[PDB]
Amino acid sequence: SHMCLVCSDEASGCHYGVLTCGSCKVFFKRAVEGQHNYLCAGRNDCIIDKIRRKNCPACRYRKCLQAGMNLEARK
């Protein structure tokens, strides 16, 4: 009820359509708006938790999108 759905950290509230923490909220906006081409170094199935969420932006971003995060969600 107060776990980030992306990294399981303590969730602040609902951001861009999904219960997430502050760090995943800002990560998501940066991933969408910025140009990076994230690439997984594993098997496209990395564990994303409070510690490990720094280790694979590709899998973190993929999880944000799959949980349904969207920038224009207030519309």
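From 1 onward, residues are counted along the sequence shown. Rigid core: the largest C-alpha set superposing within 1.5 Å between the two forms.
Chemist: Could you say which moves further from this form in 6 other deposited structures of this protein, stretch 44-52 or stretch 31-39, by root mean square CA distance after aligning on the core?
Modeler: Higher average C-alpha offset in 6 other deposited structures of this protein goes to 31-39.
Chemist: Which stretch is less alike in 6 other deposited structures of this protein, 4-12 or 65-73, counting RMS CA distance after the rigid core is superposed?
Modeler: The answer is 65-73, which departs more from the shown form in 6 other deposited structures of this protein.
Chemist: Using only the Cα atoms and their B-factors as the entry lists them, report which of 33-41 and 46-54 averages higher.
Modeler: It is 33-41.
Chemist: Going by the mean C-alpha B-factor recorded in the entry, which is higher: 13-21 or 56-64?
Modeler: Mean B over CA atoms: larger for 13-21.
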